[PDB]
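S.K.: Before anything else, here's the structure in question.
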Amino acid sequence: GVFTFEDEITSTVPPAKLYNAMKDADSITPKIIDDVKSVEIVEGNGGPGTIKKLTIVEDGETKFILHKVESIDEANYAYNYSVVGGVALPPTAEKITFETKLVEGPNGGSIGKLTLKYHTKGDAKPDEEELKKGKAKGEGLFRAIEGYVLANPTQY
Ligand SMILES: O=c1c(O)c(-c2ccc(O)c(O)c2)oc2cc(O)cc(O)c12
């Protein structure tokens, strides 16, 4: 089955800058977020089909999160990717897709729009707990790229 969720988050940063900063996420994230040790490209060029391995330390234990880039649309500040393995993929989930768009806010900031597609194995249903966890970690990630841009004005 497929379960869909919609969320929005706001920022002071204009979408073009934020979107450029999001392209640099691989280097930004381990700097800002303590639990993130590294982001490695396993397969691909950054574009669609690229398979990334995130290395996380939680409760002193090293764990891996696997991301697959689904599509990119630079003109529309749009970026689609999937959790396709590791600790962030619950056992009854095939994959969890994050569809991302930034649009200009009122006041020349951004509104980041998220569409979340939770793909279950057959009859299975998504875990409320894991959703809470994914949503908190996702929002923090957005904040890490934002905090970064805000803290380094000249770079974007
Ligand atoms: O740091 C992170 C983290 O701990 C988890 C996570 C999620 C569900 C679990 O059940 C769990 O044990 C860990 O996901 C993440 C997902 C990201 O995209 C980025 C992160 O930095 C984390």
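Letters A, B, ... go to the chains of the structure tokens in the order shown; residues in each chain start at 1; ligands are counted from 1 in the same order.
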Excluding region 61-64 of chain A and residues on its chain fewer than 5 positions from it, collect all residues at most 12 Å away from it, counting only C-alpha atoms, and give them as a list in words.
M.R.: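 After dropping sequence-adjacent residues, the list is residues 35, 36, 37, 38, 39, 40, 52, 53, 54, 55, 56, 83, 84, 85, 86, 87, 88 and 89 of chain A.
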S.K.: Need the shell around region 47-51 of chain A: protein/DNA/RNA residues with any atom at most 10 Å away, counting only C-alpha atoms. Skip same-chain ones fewer than 3 positions apart. Format as JSON, numbers by chain?
M.R.: {"A": [40, 41, 42, 43, 44, 54, 66, 67, 68, 69, 70, 71, 72, 79, 80, 81, 82, 83, 84]}
S.K.: Go ahead and save the picked residues with N, CA, C and O atoms, as an mmCIF file, in the first residue's frame.
M.R.:
```cif
data_model
loop_
_atom_site.group_PDB
_atom_site.id
_atom_site.type_symbol
_atom_site.label_atom_id
_atom_site.label_comp_id
_atom_site.auth_asym_id
_atom_site.auth_seq_id
_atom_site.Cartn_x
_atom_site.Cartn_y
_atom_site.Cartn_z
ATOM 1 N N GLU A 40 28.482 9.163 2.366
ATOM 2 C CA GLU A 40 29.294 8.621 1.261
ATOM 3 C C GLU A 40 28.378 8.329 0.054
ATOM 4 O O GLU A 40 27.218 7.906 0.205
ATOM 5 N N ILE A 41 28.884 8.608 -1.141
ATOM 6 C CA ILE A 41 28.233 8.162 -2.377
ATOM 7 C C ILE A 41 28.748 6.763 -2.677
ATOM 8 O O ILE A 41 29.919 6.591 -2.920
ATOM 9 N N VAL A 42 27.845 5.787 -2.671
ATOM 10 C CA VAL A 42 28.144 4.374 -2.962
ATOM 11 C C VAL A 42 28.161 4.130 -4.468
ATOM 12 O O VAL A 42 29.016 3.423 -4.980
ATOM 13 N N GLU A 43 27.152 4.677 -5.134
ATOM 14 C CA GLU A 43 26.905 4.510 -6.562
ATOM 15 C C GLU A 43 26.329 5.795 -7.158
ATOM 16 O O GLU A 43 25.383 6.356 -6.604
ATOM 17 N N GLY A 44 26.840 6.219 -8.313
ATOM 18 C CA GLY A 44 26.242 7.329 -9.074
ATOM 19 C C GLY A 44 26.920 8.678 -8.953
ATOM 20 O O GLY A 44 27.897 8.832 -8.234
ATOM 21 N N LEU A 54 24.507 7.044 4.682
ATOM 22 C CA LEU A 54 24.668 7.914 5.830
ATOM 23 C C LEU A 54 25.122 7.086 6.992
ATOM 24 O O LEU A 54 24.525 6.062 7.308
ATOM 25 N N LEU A 66 20.385 4.344 4.188
ATOM 26 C CA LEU A 66 20.547 4.364 2.728
ATOM 27 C C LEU A 66 19.525 5.202 2.039
ATOM 28 O O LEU A 66 18.332 4.990 2.210
ATOM 29 N N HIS A 67 20.030 6.116 1.220
ATOM 30 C CA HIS A 67 19.220 7.022 0.421
ATOM 31 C C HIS A 67 19.409 6.757 -1.037
ATOM 32 O O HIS A 67 20.504 6.466 -1.483
ATOM 33 N N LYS A 68 18.319 6.874 -1.771
ATOM 34 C CA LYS A 68 18.337 6.795 -3.214
ATOM 35 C C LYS A 68 17.723 8.071 -3.770
ATOM 36 O O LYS A 68 16.580 8.406 -3.453
ATOM 37 N N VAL A 69 18.469 8.771 -4.608
ATOM 38 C CA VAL A 69 17.926 9.955 -5.281
ATOM 39 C C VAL A 69 16.963 9.490 -6.395
ATOM 40 O O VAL A 69 17.341 8.688 -7.242
ATOM 41 N N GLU A 70 15.732 10.003 -6.384
ATOM 42 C CA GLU A 70 14.691 9.605 -7.356
ATOM 43 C C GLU A 70 14.639 10.529 -8.581
ATOM 44 O O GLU A 70 14.622 10.086 -9.723
ATOM 45 N N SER A 71 14.586 11.821 -8.326
ATOM 46 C CA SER A 71 14.554 12.834 -9.388
ATOM 47 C C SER A 71 15.012 14.184 -8.873
ATOM 48 O O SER A 71 15.066 14.417 -7.689
ATOM 49 N N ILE A 72 15.361 15.057 -9.800
ATOM 50 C CA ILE A 72 15.829 16.404 -9.500
ATOM 51 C C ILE A 72 15.111 17.332 -10.475
ATOM 52 O O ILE A 72 14.969 17.004 -11.629
ATOM 53 N N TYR A 79 13.383 18.196 -5.436
ATOM 54 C CA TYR A 79 14.354 17.163 -5.140
ATOM 55 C C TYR A 79 13.591 16.011 -4.517
ATOM 56 O O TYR A 79 13.023 16.168 -3.444
ATOM 57 N N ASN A 80 13.602 14.865 -5.169
ATOM 58 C CA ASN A 80 12.924 13.673 -4.650
ATOM 59 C C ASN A 80 13.925 12.576 -4.305
ATOM 60 O O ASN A 80 14.792 12.230 -5.106
ATOM 61 N N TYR A 81 13.837 12.068 -3.082
ATOM 62 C CA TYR A 81 14.679 10.941 -2.662
ATOM 63 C C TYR A 81 13.958 9.975 -1.734
ATOM 64 O O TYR A 81 12.940 10.292 -1.114
ATOM 65 N N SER A 82 14.555 8.803 -1.612
ATOM 66 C CA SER A 82 13.979 7.701 -0.847
ATOM 67 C C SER A 82 14.934 7.122 0.176
ATOM 68 O O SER A 82 16.105 6.987 -0.078
ATOM 69 N N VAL A 83 14.409 6.820 1.350
ATOM 70 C CA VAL A 83 15.083 5.935 2.293
ATOM 71 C C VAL A 83 14.824 4.559 1.726
ATOM 72 O O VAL A 83 13.690 4.187 1.538
ATOM 73 N N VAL A 84 15.887 3.838 1.409
ATOM 74 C CA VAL A 84 15.765 2.474 0.843
ATOM 75 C C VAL A 84 16.480 1.396 1.636
ATOM 76 O O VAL A 84 16.524 0.250 1.203
#
```
S.K.: Excluding residue 1 (chain A) and residues on its chain fewer than 3 positions from it, collect all residues at most 7 Å away from it, counting only C-alpha atoms, and give them as a list in words.
M.R.: residues 119, 120, 121, 122 and 123 of chain A
S.K.: Got a sec: who's within 8 Å of residue 21 (chain A), counting only C-alpha atoms, leaving out chain neighbours fewer than 5 positions off, as a PDB file with N, CA and C atoms, in the first residue's frame?
M.R.:
```
ATOM      1  N   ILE A 145      20.705  22.689   7.209  1.00  0.00           N
ATOM      2  CA  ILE A 145      21.036  23.380   5.954  1.00  0.00           C
ATOM      3  C   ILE A 145      20.689  24.872   6.079  1.00  0.00           C
ATOM      4  N   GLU A 146      19.563  25.148   6.713  1.00  0.00           N
ATOM      5  CA  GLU A 146      19.162  26.539   6.953  1.00  0.00           C
ATOM      6  C   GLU A 146      20.105  27.269   7.900  1.00  0.00           C
ATOM      7  N   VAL A 149      23.341  28.090   6.193  1.00  0.00           N
ATOM      8  CA  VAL A 149      23.287  29.203   5.262  1.00  0.00           C
ATOM      9  C   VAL A 149      23.230  30.492   6.052  1.00  0.00           C
ATOM     10  N   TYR A 156      26.528  31.402   0.099  1.00  0.00           N
ATOM     11  CA  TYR A 156      25.374  31.276  -0.807  1.00  0.00           C
ATOM     12  C   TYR A 156      24.723  32.650  -1.001  1.00  0.00           C
TER      13      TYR A 156
END
```
S.K.: Which polymer residues have any atom within 10 Å of an atom of region 133-140 of chain A, counting only C-alpha atoms, with same-chain residues fewer than 6 positions away left out, as JSON, numbers by chain?
M.R.: {"A": [7, 8, 9, 29, 32, 33, 88, 89, 96, 98, 114, 116, 146, 147]}
S.K.: Those same residues, written as a PDB file, in the first residue's frame with C-alpha atoms?
M.R.:
```
ATOM      1  CA  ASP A   7       4.003  18.946   5.700  1.00  0.00           C
ATOM      2  CA  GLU A   8       5.331  22.435   5.332  1.00  0.00           C
ATOM      3  CA  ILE A   9       8.185  24.340   6.990  1.00  0.00           C
ATOM      4  CA  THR A  29      25.152  17.643   7.530  1.00  0.00           C
ATOM      5  CA  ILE A  32      26.122  20.544  12.049  1.00  0.00           C
ATOM      6  CA  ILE A  33      24.427  17.328  13.219  1.00  0.00           C
ATOM      7  CA  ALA A  88      15.374   4.576   9.136  1.00  0.00           C
ATOM      8  CA  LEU A  89      13.516   1.978   7.077  1.00  0.00           C
ATOM      9  CA  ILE A  96       9.788   5.938   2.185  1.00  0.00           C
ATOM     10  CA  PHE A  98      10.462  12.374   0.355  1.00  0.00           C
ATOM     11  CA  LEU A 114       7.194  17.940   1.839  1.00  0.00           C
ATOM     12  CA  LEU A 116       5.898  11.816   2.192  1.00  0.00           C
ATOM     13  CA  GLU A 146      19.162  26.539   6.953  1.00  0.00           C
ATOM     14  CA  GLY A 147      21.249  27.207  10.075  1.00  0.00           C
TER      15      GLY A 147
END
```
S.K.: Pick the closest to ligand 1 from A:31, A:101, A:17, A:113: which is it, counting only C-alpha atoms and all ligand atoms?
M.R.: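 Once distances to ligand 1 are computed over only C-alpha atoms and all ligand atoms, the minimum belongs to A:31.
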S.K.: List every residue of region 2-148 of chain A that DSSP, applied to the backbone, labels as helix (DSSP H, G or I), and write the result as a PyMOL selection string.
M.R.: chain A and resi 15-23+25-32+74-76+128-148
S.K.: Pick out the closest residue to residue 143 (chain A) from this set: A:18, A:125, A:23, A:93. Count only C-alpha atoms.
M.R.: A:18
S.K.: Calculated over only C-alpha atoms and all ligand atoms, which of the candidates A:90, A:5, A:27, A:19 has the smallest distance to ligand 1?
M.R.: A:90
S.K.: With distances taken over only C-alpha atoms, which residue among A:155, A:20, A:11, A:45 lies nearest residue 108 (chain A)?
M.R.: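 Of A:155, A:20, A:11, A:45, the one nearest residue 108 (chain A) is A:11, counting only C-alpha atoms.
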S.K.: Per DSSP on the backbone, filter region 10-145 of chain A down to the residues in strand (DSSP E) and report them as a PyMOL selection string.
M.R.: chain A and resi 10-11+36-43+51-58+61-73+78-86+93-104+110-120
S.K.: Mind pulling up the distance from CA of residue 10 (chain A) to atom 14 (O, counted along the ligand's line) of ligand 1?
M.R.: 21.2 Å
S.K.: If we count only C-alpha atoms and set the cut-off at 10 Å, which residues sit around residue 76 (chain A), ignoring sequence neighbours fewer than 5 positions away in its own chain? Please answer as an MDAnalysis selection string.
M.R.: chainID A and resid 15:16 19 100:103
S.K.: Output N, CA and C atoms for every residue in that selection, as a PDB file, in the first residue's frame.
M.R.:
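In the end it all went to part_25.pdb:
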```
ATOM      1  N   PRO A  15      14.519  30.871  -1.736  1.00  0.00           N
ATOM      2  CA  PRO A  15      14.576  29.471  -2.158  1.00  0.00           C
ATOM      3  C   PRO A  15      15.801  29.080  -2.974  1.00  0.00           C
ATOM      4  N   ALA A  16      16.269  29.980  -3.840  1.00  0.00           N
ATOM      5  CA  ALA A  16      17.449  29.703  -4.673  1.00  0.00           C
ATOM      6  C   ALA A  16      18.689  29.419  -3.806  1.00  0.00           C
ATOM      7  N   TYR A  19      18.143  26.135  -1.835  1.00  0.00           N
ATOM      8  CA  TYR A  19      18.227  25.020  -2.771  1.00  0.00           C
ATOM      9  C   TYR A  19      19.681  24.713  -3.127  1.00  0.00           C
ATOM     10  N   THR A 100      10.279  16.852  -2.398  1.00  0.00           N
ATOM     11  CA  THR A 100      10.589  18.194  -1.853  1.00  0.00           C
ATOM     12  C   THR A 100      10.439  19.286  -2.883  1.00  0.00           C
ATOM     13  N   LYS A 101       9.875  20.394  -2.430  1.00  0.00           N
ATOM     14  CA  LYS A 101       9.752  21.592  -3.252  1.00  0.00           C
ATOM     15  C   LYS A 101       9.950  22.794  -2.334  1.00  0.00           C
ATOM     16  N   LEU A 102      10.707  23.777  -2.808  1.00  0.00           N
ATOM     17  CA  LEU A 102      10.749  25.095  -2.165  1.00  0.00           C
ATOM     18  C   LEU A 102      10.068  26.063  -3.088  1.00  0.00           C
ATOM     19  N   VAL A 103       9.249  26.915  -2.502  1.00  0.00           N
ATOM     20  CA  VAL A 103       8.562  27.972  -3.205  1.00  0.00           C
ATOM     21  C   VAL A 103       8.866  29.248  -2.430  1.00  0.00           C
TER      22      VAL A 103
END
```
